[PDB]
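Below is one structure, written out as structure tokens; comments come after it.
Residue indices begin at 1 and follow the sequence shown. Whatever order the structure lists ligands and atoms in, that order sets their numbers, starting from 1.
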Amino acid sequence: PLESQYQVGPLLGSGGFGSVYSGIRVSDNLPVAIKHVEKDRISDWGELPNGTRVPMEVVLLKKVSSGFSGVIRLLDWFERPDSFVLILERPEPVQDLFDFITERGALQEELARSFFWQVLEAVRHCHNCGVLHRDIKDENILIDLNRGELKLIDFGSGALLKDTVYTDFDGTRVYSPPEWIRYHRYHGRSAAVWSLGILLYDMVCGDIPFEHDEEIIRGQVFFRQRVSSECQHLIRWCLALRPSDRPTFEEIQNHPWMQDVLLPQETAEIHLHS
Ligand SMILES: COc1cc(Br)cc2cc(C(=O)O)oc12
């Protein structure tokens with residue numbers, strides 16, 4: 001135990017999630033990302049399937065770990081007197097969807113379809129494991145540039161998935177649905193589908209559709225780029241004002257705009273340069 005186990009490199013980012021460094025696991029040079037979270041900044045704690053007090057983040061990552069690579073894996077974690085330290089996987093090379101979209105502007109539909117599908121798979125995977133992510137957005141998605149695979153990251157606002165109403169939220173306001181804004185109430189699935197609608201708008205227009213509580217409440221969608229009618233229809237569907245009018249994941253993945261998706265390897269060859 002302790003970090004002669006890892007070799008710390010450059011800082012990768014910091015913000016509401018804490019501080020994430022690039023790292024290398026010494027015993028086999030596996031790339032890793034080392035995430036430090038302050039105890040003071042952790043409102044949400046859980047208990048391991050076997051005993052102790054840990055941040056909910058850790059509970060949730062334990063629940064979503066598997067061979068499936070569409071969600072980031074937690075490799076290990078350590079406690080410290082004032083902080084927790086998570087060791088997570090790190091694809092290489094890599095770039096977040098926010099930078100990628102900042103670089104290339106609005107994405108061609110074929111590449112947005114392939115990215116959005118993989119997100120849909122990642123999110124289904126998390127619902128399956130009893131975990132609701134609650135902060136789906138471009139900044140919380142990583143692209144493994146070689147294989148063309150996306151990884152959902154940053155479970156720091158997640159909660160156990162439940163079928164009753166949520167009355168707390170600490171994800172990202174511009175991705176939160178109308179019923180959270182007006183009532184401070186949402187159900188998990190349907191709030192997830194709305195954030196997915198924001199996400200898809202973002203990929204295909206190059207920016208999020210709504211900046212202010214006003215526009216969220218009203219949910220009128222203006223498209224600023226050429227975007228096909230089938231893609232516009234899917235987006236307006238995810239963004240139905242009434243939660244019960246939103247599509248299920250099955251209905252999203254059966255949408256005509258979602259047919260004939262590229263494989264990740266295909267996606268990198270054609271769109272990322274392999
Ligand atoms: C820049 O931040 C990051 C870089 C890499 Br590479 C992997 C992760 C995972 C998380 C997370 O779970 O928050 O943040 C990351």
Task: ligand 1 versus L142: contacting region, heavy-atom distance under 4.0 Å - done: side chain

Open item on the list: Between ligand 1 and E57, is the shortest N or O to N or O distance under 3.5 Å?
Closed with: no

TODO: Provide the number and element of each atom of ligand 1 under 4.0 Å from a heavy atom of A33.
DONE: 5 (C), 7 (C)

Task: Short side-chain to backbone donor-acceptor contact, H125 and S69, under 3.5 Å - done: no

Open item on the list: With a 6.0 Å cut-off on the ring centroids, do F84 and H36 count as close?
Closed with: no

Open item on the list: Can you report which non-hydrogen protein atom sits closest to atom 13 (O) of ligand 1, along with the distance?
Closed with: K35 NZ, 2.6 Å

Open item on the list: If the cut-off is 4.0 Å to any non-hydrogen atom of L12, which atoms of ligand 1 fall inside it?
Closed with: 1 (C)

TODO: Please identify which atoms of ligand 1 are closer than 4.0 Å to at least one heavy atom of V20.
DONE: 2 (O), 3 (C), 4 (C), 14 (O), 15 (C)

TODO: Identify, for atom 12 (O) of ligand 1, the protein heavy atom at the shortest distance, and state residue, atom and that distance.
DONE: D154 N, 3.0 Å

- [ ] Considering only NZ, NE, NH1 and NH2 on the basic side and carboxylate oxygens on the acidic side, decide whether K35 and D154 come within less than 4.0 Å.
- [x] yes

Task: Within the 6.0 Å centroid threshold, strictly below: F223 and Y201 - done: yes

Open item on the list: Counting only nitrogen or oxygen atoms and a 3.5 angstrom limit, does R90 reach ligand 1?
Closed with: no

Open item on the list: Between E121 and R124 (salt bridge meaning N to carboxylate O under 4.0 Å), is one present in this structure?
Closed with: yes

Open item on the list: Checking a contact table here: which protein heavy atom is nearest atom 14 (O) of ligand 1, and how many Å away?
Closed with: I153 CD1, 3.7 Å

- [ ] Under the salt bridge (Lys or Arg N to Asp or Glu O under 4.0 Å) rule, what do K39 and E79 come out as? Steps first, then yes or no, please.
- [x] CA-CA 10 Å; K39 294 201 178 149; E79 178 171 17; 3.1 Å; yes

Task: side-chain hydrogen bond (donor to acceptor under 3.5 Å, both in side chains) partner of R134, the single match among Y186, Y166, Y175 - done: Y186

